[PDB]
Structure formats: structure tokens, C-alpha cells
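**Student:** Below you'll find the structure I mean.
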Amino acid sequence: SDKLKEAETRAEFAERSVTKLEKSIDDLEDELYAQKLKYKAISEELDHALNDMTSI
Amino acid sequence: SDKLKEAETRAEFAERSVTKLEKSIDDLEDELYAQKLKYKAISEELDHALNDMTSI
Amino acid sequence: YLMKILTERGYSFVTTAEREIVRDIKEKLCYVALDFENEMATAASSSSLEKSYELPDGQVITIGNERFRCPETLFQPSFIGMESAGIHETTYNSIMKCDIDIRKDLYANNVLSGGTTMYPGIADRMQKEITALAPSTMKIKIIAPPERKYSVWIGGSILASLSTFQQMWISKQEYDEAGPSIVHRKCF
Amino acid sequence: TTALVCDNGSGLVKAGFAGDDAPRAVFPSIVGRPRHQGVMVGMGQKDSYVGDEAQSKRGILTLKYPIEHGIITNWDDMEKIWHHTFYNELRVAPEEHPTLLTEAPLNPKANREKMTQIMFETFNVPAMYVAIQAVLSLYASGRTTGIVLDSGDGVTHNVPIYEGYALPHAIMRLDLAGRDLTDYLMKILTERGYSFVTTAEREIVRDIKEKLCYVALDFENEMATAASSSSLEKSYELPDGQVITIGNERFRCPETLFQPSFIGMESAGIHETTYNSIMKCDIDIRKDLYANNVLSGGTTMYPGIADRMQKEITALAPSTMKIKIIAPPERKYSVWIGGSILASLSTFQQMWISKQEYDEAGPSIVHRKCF
Amino acid sequence: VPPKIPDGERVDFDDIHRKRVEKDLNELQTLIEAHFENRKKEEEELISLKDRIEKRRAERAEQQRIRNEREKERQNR
Ligand SMILES: Nc1ncnc2c1ncn2[C@@H]1O[C@H](COP(=O)(O)OP(=O)(O)O)[C@@H](O)[C@H]1O
Ligand SMILES: [Mg+2]
């Protein structure tokens, strides 16, 4: 009884923790993608500038 | 005994999930931070370019 | 402190034997709150926190907001009358005394050990506190291995198993020549 | 075989094989012993990290430059630096390569003699030659006349040359250079609250100086503008966060070059020692020196110095002469590029100090015909 | 006495062409090539990969929602 109470309790903590972890993971990944897309927009600004520089 | 076995297995699976999620989070964090530093550097060199233009 | 705040519900533990029972209660039930005021407000309205526990003779007891108030003393040592700052701020002070060029590495490699750092939810509270204190650019990471309790002993085994360390022992003939004060000498 | 064009410098050691465009390995010349105790066993901790390795572990080291002002004050550390340069940054044993060191003008003899003795006894090179750091910078510009102001990090010297004939009586060597500017910047930063004291934080102040400071075209107008508006305040992020904002410290640090009274030095600025160096020359080569003023060395890389110096000299000089300031974009490595060109010449191939010659006359051979 | 340099033949200021004009065009063209290839390799592939990872993330979110709901349905007692 002690063993299974312990196991279920720590398992519930594990489930809540892992779900919080998944929210964290998604937020981090989406923020990373947003930042990377901003960077690529900046890169295409630079690439338009380079196309101008094709003047040389 | 049956409940104990099932609970222990569920616990171990969730635990290994937890560890793997943490590792994934760490790696994505390293890459995102590297991108962040890259962005700050590109912006700073862009501003230096702007000030160089101001000079000449 | 837990034994002292349990008296607010009626349970009195006094004997030095009952300190062990209070220790078991602390180990099995207490947890560190992510945010203290919100937990204090929630435990005072709902009853989703009250977890019960069976003494060594029956007469189950119900712990209310004593659950996260006992380990909160770590981050506010004013509860037991100690002046100093919590474990969340003595780490930041210990970092700031270091040189200016190794602070990033120390920020990124904060390690937890010892038994008392096994409270469920401490590796998040401490990270939140340090992130509040530290500059916004640095990354704060808290290493909390699952084998925290025996971390010191595992490290001791690793150190004793090294070949390079095999000549650092304080050999008995050395003690016979310099007395017990040999430990402060080169053989540290 | 190929020659090794080393260039000791003071602050950055630049080396590489003769005949290329840029030095192969450029790294700070600092040797830093650890200062704390050290508890991890078997970590493989060395007793002295030199070169670019000690710019990454500088948090627990005590970096100390082995070259103070051109002269070398700590011969063991300099030997260590040379050994590192030969074996780890170039990976060529010195037993099979001539070397071409460089030396500032008007330096003590014992320094040069000890340098040649080390190169011939410890590293055992086939032949080495020591050249004045300004003639090389004149080589790199492709000129043959002109007065070159080589404001390094240790010492600023101003050697005028005409038609290949150097004028030994007109060399004006001044000991204000990049290091004193770093110290003065570190001293004026304290006026806002930022205190840098450790020898490791001198590197951080050096980085601030490199990235932010600039030379003002007119000093009083800039001092007045920075005291009213806030368009100058540029911020910078320390190695741990806590960004700092530099106000009128930006153009006050490098202004010390033109007013050495700021750091208590008596002498006149680099704008007036050049004019004095010209006026000591003969009356018929002053026009050519006016028209071919050359800048070199690291410290002359401040944004806006080639205009301030021209304005100052035009103020001093007669109104008819044309004042032109040559500021190539490859200023920092100008001395080394010139060294490579000189070592690659066929006419120069018989000027090396061959080892048998050193064996016959001792280290004092360097002052002799093989200069 | 000061050293006396033996007399040679030539030259000077004639290597400025052969060390300047080279990189005046080759360096510019090579750096333009490097920028073009780096942008092509980097930006489009990164945006496409981020979109792919976003789709996988949405699928993970759906799987998490389904599992959480079914477990809450069963366990609710
Ligand atoms: N881009 C830069 N802007 C301003 N100052 C610089 C820059 N680069 C280098 N310096 C200064 O010049 C010094 C390096 O000078 P350098 O020419 O390497 O000396 P040396 O003659 O000993 O080689 C550095 O200490 C730094 O203070
Ligand atoms: Mg130099």
C-alpha cells in the first residue's frame, strides 16, 4: 500500500510536470520559429540590397 | 501485486519521457540562443554599417 | 519549524522520538510552492491541498497550508528568525563575488545536491528567483540530477577510484612525523 | 626555403611566411599564470596559458604583457611567447627557416642583442635580421619617400624617409600609444560608476575602446554637443549583461593622442610631433614629406583620425603646400605586409646575419654592417 | 659606420597593381558568390524546416489533447 501510494503520487507529479514541460517546449519552439522568420526576412532585405549591389 | 506492477511500469515510462523532454529542451535552447546572439550581432554590424555610411 | 507549525491544528509532537515522525511527514508531504502568495490564497479558499497521513498508531492527520510553508523557510529564513537571505539569494551573492568573466558559466551550470534539495518543485522556484535577480540576457540553468541524495557519495567514489589521486592520501608514517596537524598541510 | 616574417609588436604578435598578403596567426601576447588554488584533480591544468588561450580563461588568470614600451622587460615570458608562435601557431621548426624580427627605433641595444642571442642559441635559426618597424610600413605603401607615423600599442614613432635615405636626426619617438589610451579610458569610465580594476578587465576596457571610441574632428564643439543632446550615448553589453552607456567618454579617450597633457605627459600631440619631425628635415624635401604623410599601426584605426590629423597639420603648415594623409584600409598589418615584401626581395637575400658570422663576432654583430 | 646597402636593379610601386587589382575584382566576386550560396542554403531551408517542425508540433499538441482528455475521462472518480 505504501509502495503503490508513493508510485501513483510521484506519477501524478510526473504527468503534471511533463505537461508543463510540453507547454514550455511548444512555446520555445514557436518563439524560435518566429525569431528565425524575422531573421530570414532581414536576410531577404539584405538580399534585395545585394541585388542592388549587383550594380557591382 | 498487479496494481503495483502496472503503476511501476507507468511511472518508469513517464520518467524516461521526462528525461528525454529535458534533453530536447536543452538542445533547442542552445540553438535558439545561438540564433539570438546571431541576430544581435547582425543588427549591431548593421548599425556599424549605418554609422560607416554616416562617415562616408 | 514544521513541528512548531503543526501545533496550529492541534497535533503536538514533543518527544525526541516524535521528531522522527515529523521528519517523515516532511519528507512525504511537503513541497515547495512556485509562487508563495498565490498558494497561500488558494489553500485558504479551496480544500484541494489537504493531504492526510496516518500516524504510527492510527488517528490520521490532515496537513493544510503547512505543506508548502515548511520548506518555504529556505527562501525566507526570517520565518525561523534567521536574519540572512534565502538560498535563492545567497547563490546570486556567491556568484557576484566571483570575477566578471566567469559569471556566465556559473549562471549556466548551477548545480543542486544534498538531501534537502529533493522537495518537489524546488528546481523551478529557484530558477524563477535567480532569473528575477540575474541580468535578463544570461541563461539560467539548474542541474538537478535524480540521484541528488547520494551525489556527494557518488562523487567520492569517483574521486577515490582515480589513479591521479592515488598519491594524495595521508600515509600513516607522515602522520607519525608531523602529528594530527598534517591535515592542514599540503595533504589537504 | 621560405622565410618566417615574425613581428613581435606589443599587444598582438603577427607572424606568417614571407610572400603572402596577411599574417597567418595573430594573437595577443600575454602570458597568464593561474592565481587561485584549484581543487579538481587530473583536470590537466597547465602552469601558464599563453597567446589566445589565455584570452578565454582570463577569468582566473593574471595576464601580464612581456613587452612594456617596445623594450622587453621579462625575457623568460618572451621566450615562451616565441616558442608558442613557432611550434603551435605555425607548426614549423625554426631549424629550417630564416626569421625577420622587427624593432622600434631608438630602443636599448641590450634588447636587440639579447633578441638575436636567443634566436641563435635557443631556437637555433639559420639566419635572422632585425628591421625598423617604420621602413616596412613604408614598403607596404609602395612608396619610396614619405614620413610614416607608426602609432602602435606600445610606442608611437615617426620616421621620415626621402628617396630611400632615412634621416636619423629627425626620428621623434613618443611613448604614448594604445596602452596608455586603454588606461586613460579605464580611468575616465569611473566618472559614471563603472569600475574596472582587475588585469582581466583591462581587456574588456580595450574592447570598449576598439568598438566605440572615435576621434572628434573638432574637440570643443563635440564637448558642447555631447553636453546638451544625447545623440552620442552608445550602449555596450558587458561579458555578463548589465549594459553600460558611454557618453562623452567616446571621443575623450582618443583625444589624448593630440593633447598628451590629459595623462600628464608634457610632450605635444601626434599632430605636432609630425610637423616638428618634418621641420628638422632639409628645406628641399619638405614638400614631398608634406604630400606623402603615411599612417600605420593599430592605434591609427580610430574612425575620423585621418581628417583630424590633416586639419591640424594644414593649420600648422604653410598655406601653399598640399597636405595629404595616406591611410590604407590594411593599416593594422601594414608593417607585416611590408616585412613580407622585404623578405621576398632578391636583392635583400644576402643581408641576413648568417650563423657563422654570429659565431665569429658574438651577439654584437647586429650593430655592425649587417644592421 | 651605418650599413651600406648593395646596389640592385628594381622595382617598387609596381607590385601595388599585382596585389591590389587582383583582389579588387576577385575578392568582390568571390564574396558575392559566398553570400549568394549562403543565403540560398540557409534562409529558405530554415523557413521550410521551421514550418515542418511547426506542423509536427501541432500534431503533438493534438495527440496530447486526445490522451489527456481520455485519461481524464477514465480517471474521473
Ligand atoms: N579597430 C581598432 N580601433 C581602435 N583601436 C584599435 C583597433 N584595433 C586595434 N586597436 C588598438 O591598437 C592596438 C594594437 O596595435 P598593434 O598595431 O597590434 O600594435 P603592435 O605595433 O604592437 O602590433 C590594440 O591594443 C588596440 O588598443
Ligand atoms: Mg607595430
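Identifiers in the C-alpha cells: chain A, B, ... in order shown; residue index from 1 per chain; ligand index from 1 in order shown.
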Using only C-alpha atoms, which chain D residues lie at most 10 Å away from chain B, written as a VMD selection string?

**Tutor:** chain D and resid 211 to 212 303 to 304

**Student:** Only N, CA, C and O atoms, please: the residues just picked out, written as a PDB file, in the first residue's frame.

**Tutor:**
ATOM      1  N   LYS D 211      35.636  49.245 -30.027  1.00  0.00           N
ATOM      2  CA  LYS D 211      34.352  49.221 -30.704  1.00  0.00           C
ATOM      3  C   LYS D 211      33.611  50.547 -30.669  1.00  0.00           C
ATOM      4  O   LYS D 211      32.804  50.808 -31.562  1.00  0.00           O
ATOM      5  N   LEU D 212      33.850  51.395 -29.680  1.00  0.00           N
ATOM      6  CA  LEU D 212      33.032  52.594 -29.530  1.00  0.00           C
ATOM      7  C   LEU D 212      33.765  53.901 -29.778  1.00  0.00           C
ATOM      8  O   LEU D 212      33.195  54.794 -30.407  1.00  0.00           O
ATOM      9  N   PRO D 303      37.996  55.820 -36.074  1.00  0.00           N
ATOM     10  CA  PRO D 303      37.191  56.434 -37.130  1.00  0.00           C
ATOM     11  C   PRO D 303      37.234  57.947 -37.076  1.00  0.00           C
ATOM     12  O   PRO D 303      36.742  58.545 -36.121  1.00  0.00           O
ATOM     13  N   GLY D 304      37.812  58.573 -38.093  1.00  0.00           N
ATOM     14  CA  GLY D 304      37.874  60.014 -38.154  1.00  0.00           C
ATOM     15  C   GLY D 304      39.203  60.623 -37.778  1.00  0.00           C
ATOM     16  O   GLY D 304      39.248  61.821 -37.488  1.00  0.00           O
TER      17      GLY D 304
END

**Student:** Write out the coordinates of chain B as a short mmCIF file (atom, residue, chain, number, x, y, z; two decimals) with C-alpha atoms, in the first residue's frame after a least-squares overlay onto chain A built on all ordered Cα pairs.

**Tutor:**
data_model
loop_
_atom_site.label_atom_id
_atom_site.label_comp_id
_atom_site.auth_asym_id
_atom_site.auth_seq_id
_atom_site.Cartn_x
_atom_site.Cartn_y
_atom_site.Cartn_z
CA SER B 1 -1.89 0.33 0.35
CA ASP B 2 1.17 2.32 1.39
CA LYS B 3 3.11 1.40 -1.73
CA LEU B 4 0.07 2.24 -3.86
CA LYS B 5 -0.31 5.70 -2.34
CA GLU B 6 3.34 6.61 -2.76
CA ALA B 7 3.45 5.27 -6.32
CA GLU B 8 0.32 7.15 -7.35
CA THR B 9 1.60 10.43 -5.96
CA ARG B 10 4.98 10.00 -7.66
CA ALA B 11 3.18 9.20 -10.89
CA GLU B 12 0.94 12.26 -10.74
CA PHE B 13 3.83 14.59 -10.00
CA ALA B 14 5.85 13.20 -12.91
CA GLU B 15 2.82 13.49 -15.18
CA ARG B 16 2.24 17.15 -14.40
CA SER B 17 5.96 17.70 -14.96
CA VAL B 18 5.54 16.11 -18.37
CA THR B 19 2.71 18.42 -19.36
CA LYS B 20 4.51 21.56 -18.22
CA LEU B 21 7.67 20.53 -20.06
CA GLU B 22 5.65 20.05 -23.24
CA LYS B 23 4.13 23.52 -22.92
CA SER B 24 7.53 25.11 -22.35
CA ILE B 25 8.88 23.25 -25.38
CA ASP B 26 6.03 24.53 -27.53
CA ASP B 27 6.55 28.14 -26.53
CA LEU B 28 10.31 28.05 -27.01
CA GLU B 29 9.69 26.40 -30.38
CA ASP B 30 7.37 29.19 -31.47
CA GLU B 31 9.89 31.84 -30.49
CA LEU B 32 12.81 30.02 -32.12
CA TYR B 33 10.89 29.53 -35.35
CA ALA B 34 9.92 33.20 -35.37
CA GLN B 35 13.60 34.04 -34.98
CA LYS B 36 14.42 31.65 -37.81
CA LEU B 37 11.94 33.34 -40.13
CA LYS B 38 13.33 36.70 -39.05
CA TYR B 39 16.83 35.55 -39.97
CA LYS B 40 15.76 34.25 -43.35
CA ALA B 41 13.98 37.55 -44.02
CA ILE B 42 16.98 39.64 -42.98
CA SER B 43 19.30 37.60 -45.18
CA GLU B 44 16.92 37.85 -48.14
CA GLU B 45 16.52 41.61 -47.80
CA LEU B 46 20.30 41.82 -47.45
CA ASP B 47 20.69 40.00 -50.77
CA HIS B 48 18.09 42.29 -52.32
CA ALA B 49 20.17 45.19 -51.05
CA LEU B 50 23.22 43.61 -52.66
CA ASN B 51 21.41 43.29 -55.98
CA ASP B 52 20.20 46.88 -55.65
CA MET B 53 23.85 47.85 -55.19
CA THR B 54 24.63 45.82 -58.31
CA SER B 55 22.00 47.84 -60.16
CA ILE B 56 23.26 51.12 -58.74
#

**Student:** Residues of chain E classed as alpha helix (DSSP H) by DSSP on the backbone are to be reported as a VMD selection string.

**Tutor:** chain E and resid 15 to 75

**Student:** Could you tell me which of C:139, C:149, C:97, C:125 comes closest to chain B if we count only C-alpha atoms?

**Tutor:** C:139

**Student:** All residues within 7 Å of ligand 2 are required, counting only C-alpha atoms and all ligand atoms; please report them as a list in words.

**Tutor:**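 With only C-alpha atoms and all ligand atoms and a cut-off of 7 Å, ligand 2 is contacted by residues 9, 133, 150, 152, 297 and 335 of chain D.
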
**Student:** For chain D, which of C:12, C:166, C:52, C:116 is the closest residue, counting only C-alpha atoms?

**Tutor:** C:166

**Student:** Let me see if you get this right: every residue at most 6 Å from ligand 1, counting only C-alpha atoms and all ligand atoms, written as a compact mmCIF listing (two decimals) with N, CA and C atoms, in the first residue's frame.

**Tutor:**
# COMPACT_ATOMS: atom_id res chain seq x y z
N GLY D 9 55.94 43.15 -31.97
CA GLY D 9 54.93 44.09 -31.58
C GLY D 9 54.80 44.15 -30.07
N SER D 10 53.74 44.82 -29.63
CA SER D 10 53.44 44.88 -28.20
C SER D 10 51.92 44.93 -28.05
N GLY D 11 51.31 43.78 -27.87
CA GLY D 11 49.86 43.73 -27.79
C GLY D 11 49.27 42.69 -28.72
N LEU D 12 49.85 42.54 -29.90
CA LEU D 12 49.45 41.50 -30.84
C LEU D 12 50.68 41.02 -31.58
N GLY D 152 51.75 52.38 -32.77
CA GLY D 152 51.41 51.03 -32.35
C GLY D 152 50.62 51.02 -31.05
N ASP D 153 50.78 49.93 -30.31
CA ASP D 153 50.18 49.82 -28.99
C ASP D 153 51.18 50.09 -27.88
N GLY D 154 52.46 49.91 -28.15
CA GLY D 154 53.45 50.22 -27.15
C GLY D 154 53.98 51.63 -27.25
N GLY D 178 48.54 52.92 -27.61
CA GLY D 178 47.25 52.35 -27.31
C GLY D 178 47.07 51.95 -25.86
N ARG D 206 39.63 47.49 -23.21
CA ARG D 206 40.21 47.57 -24.54
C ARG D 206 39.16 47.31 -25.60
N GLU D 210 38.02 49.82 -28.62
CA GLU D 210 38.06 49.47 -30.03
C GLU D 210 36.70 49.66 -30.69
N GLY D 297 50.17 51.31 -38.12
CA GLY D 297 49.97 50.87 -36.77
C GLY D 297 48.50 50.75 -36.39
N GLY D 298 48.25 49.98 -35.34
CA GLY D 298 46.88 49.72 -34.94
C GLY D 298 46.14 50.96 -34.48
N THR D 299 46.77 51.76 -33.62
CA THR D 299 46.05 52.83 -32.95
C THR D 299 45.57 53.91 -33.91
N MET D 301 43.61 53.49 -36.26
CA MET D 301 42.40 52.96 -36.87
C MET D 301 41.14 53.62 -36.32
N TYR D 302 41.28 54.65 -35.51
CA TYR D 302 40.10 55.30 -34.96
C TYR D 302 39.30 55.96 -36.08
N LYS D 332 46.42 47.96 -39.97
CA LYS D 332 46.91 47.20 -38.82
C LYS D 332 48.08 46.31 -39.20
